[PDB]
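One-letter residues, chain by chain:
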Amino acid sequence: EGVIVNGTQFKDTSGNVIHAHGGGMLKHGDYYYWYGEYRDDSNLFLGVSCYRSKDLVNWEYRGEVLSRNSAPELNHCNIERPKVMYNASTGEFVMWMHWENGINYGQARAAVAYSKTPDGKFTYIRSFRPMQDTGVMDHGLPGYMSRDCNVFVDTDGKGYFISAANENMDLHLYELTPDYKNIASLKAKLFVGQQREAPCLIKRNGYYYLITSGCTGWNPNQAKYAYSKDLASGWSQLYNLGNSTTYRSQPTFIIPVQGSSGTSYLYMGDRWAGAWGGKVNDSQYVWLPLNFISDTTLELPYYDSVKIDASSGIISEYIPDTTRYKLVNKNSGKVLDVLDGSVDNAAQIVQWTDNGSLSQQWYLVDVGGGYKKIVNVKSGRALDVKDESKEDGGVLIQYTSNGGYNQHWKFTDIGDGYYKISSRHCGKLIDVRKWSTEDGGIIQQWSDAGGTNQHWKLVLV
Ligand SMILES: CC(C)S[C@@H]1O[C@H](CO)[C@H](O)[C@H](O)[C@H]1O
């Protein structure tokens, strides 16, 4: 029973609210370690909590691996986005983070710690602004500014540290020394003047991916991503990811969940309570599966409930009602199907002869109000009005779940088991183009005309 409810505050095995905001995760041995920070009462750094788990749903409290007592500096400061990486050679765990005075944000510096054990008390080292000795000046202070940060371990066992420099306008990817505890050089200056923060660096199949989240304080914004074959250069443009608010959250870390069947990259972010005028500790979490259509095309769907099976390594949507359905048209007598039963995103939806195929089976997930989400079985995408069109003849396709109103449908009973399925965006019904009665009939969107080609019957399976 590994189901997670997004937009809420998870609870550990003890029954207490988990407090690991802006944190990350590490997979070592047989355990997944969730690190993160949380303010106390003065909105200052209290400690960096640590949770262990095997199922990724039931978390176990392990205490503060880093405390405000670990160092004199930590007695009064701001610490955000603490990440931990493993060093194969040494056998210890290096921890990076973002450090501030607690009075202001002039001290854009990073901080380092480490420990022989994962859930053990880390020993604070030093806070500093990278590249201090080079003598380079960044806004009046020694060393490049370093705010929003994150860590990454390449296949060749080389450590990397990413952070926002030059007033969060540029992203600096620093290459770490073999011990991961120091900066060896500035690998590359990525996305200059683009002003991206909250970076997440990962790799899949010889391709590096960089997930960002613009920069709009607490208020959620349009998240984007990019790819490249090399960390040094060859980076692509910023392609939009998720919706206009990243599903009311901000990216924090992305970890590959490997299992028996395969690997499913997990996305996790924060729904900062600051959005509605709340303390950091009241912030909620949002976990979603990061799907890869292709080596150059990424997908970040929004599932109100996510099911995870770490053992098999599968992250998919949780369907409250497993009841299958097929939508038969009154006029043609054919059922709703996906063109060529394809599972390619944005696939055209067409009518087809009832052949008991998977492509002709659909779930009905309630999404509030009198509207519902029509999801396919073979693929798992939702019925979507292409490009949120509000005009007649608007093609219907199956697209990644994005909580858009162009994916919510209301059923209006007209009798004899037939309904008029209207969209929540404009209110136009699901229409069979040109009253087609043959296979491959294009399913579209059209205003209510009282036609029989607009009436659909709900049939169990
Ligand atoms: C492309 C954006 C302006 S709208 C975007 O288009 C997609 C299909 O291409 C889906 O229909 C999404 O639901 C829709 O929001």
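The residue numbers you see begin from 1 on each chain and track the sequence as written, which may not match the entry, and residues missing coordinates are not shown. Calculation of side-chain values draws on the structure's entire complement of heavy atoms; hydrogens and water are dropped beforehand.

K.L.:
Explanation requested: the pattern of salt bridges in the structure shown.
P.N.:
Pairing is possible between side chains of opposite charge, provided their charged atoms come close. Counted as salt bridges are all cases of a side-chain nitrogen of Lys or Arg within 4 Å of a carboxyl oxygen of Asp or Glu. Applying the stated criterion to the full structure yields 17 salt bridges. Measuring nitrogen to oxygen at the nearest pair gives 2.7 Å for the salt bridge that ties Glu37 to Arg39. The same class applies to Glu37 and to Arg39, which are both buried. Salt-bridge contacts for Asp392 lead to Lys428; the nearest nitrogen and oxygen are separated by 3.4 Å. Remark: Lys428 occurs in the loop between β35 (418–423) and β36 (429–432) and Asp392 occurs in the loop between β32 (382–385) and β33 (394–399); sequence separation between them is 36 residues. Where salt bridges share partners, they join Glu37, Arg39 and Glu80 into one cluster. With a 1.4 Å probe rolled over the protein chains alone, any residue whose accessible area is under 20% of its type maximum counts as buried; one over 50% counts as exposed, and the rest are partly exposed. Every helix listed is a DSSP run of H or I at least four residues long, and every strand listed is a run of E at least two residues long, numbered separately from the N terminus.

K.L.:
Teacher, can you tell me more about the side chain of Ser127 here?
P.N.:
By the element assignment, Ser127 lies in strand β9 (residues 123–128). Within the structure, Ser127 has its side chain in polar contact with the side chain of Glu73 (distance 2.9 Å). Here, two residues are considered to be in contact whenever any of their heavy atoms come within 4.5 Å of each other. With near-sequence residues (within four places) excluded, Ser127 lies in contact with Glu73, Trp99, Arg109, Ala110 and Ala111. In the analysis that follows, any N or O atom pair within 3.5 Å is treated as a polar contact, provided that within protein one partner can donate a hydrogen and the other can accept it, and provided that, for residues neighboring in sequence, both atoms belong to side chains.

K.L.:
How should the pairing of strand β16 (residues 200–203) be read in this particular structure?
P.N.:
In summary, the side chains of a regular strand alternate between the two faces of the sheet. Burial of the side chains of β16 extends over both faces: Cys200 and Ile202 are buried on one face and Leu201 and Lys203 on the other. Two strands qualify as a pair provided that DSSP identifies no fewer than 2 bridges between them. Alignment of β16 against strand β17 (residues 208–212), held across four bridges, turns out to be antiparallel. In the sheet register, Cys200 faces β17, and the bridge partner there is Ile211. The loop that links β16 with its antiparallel partner β17 comprises four residues; one of these, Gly206, has a positive phi angle of about 75°.

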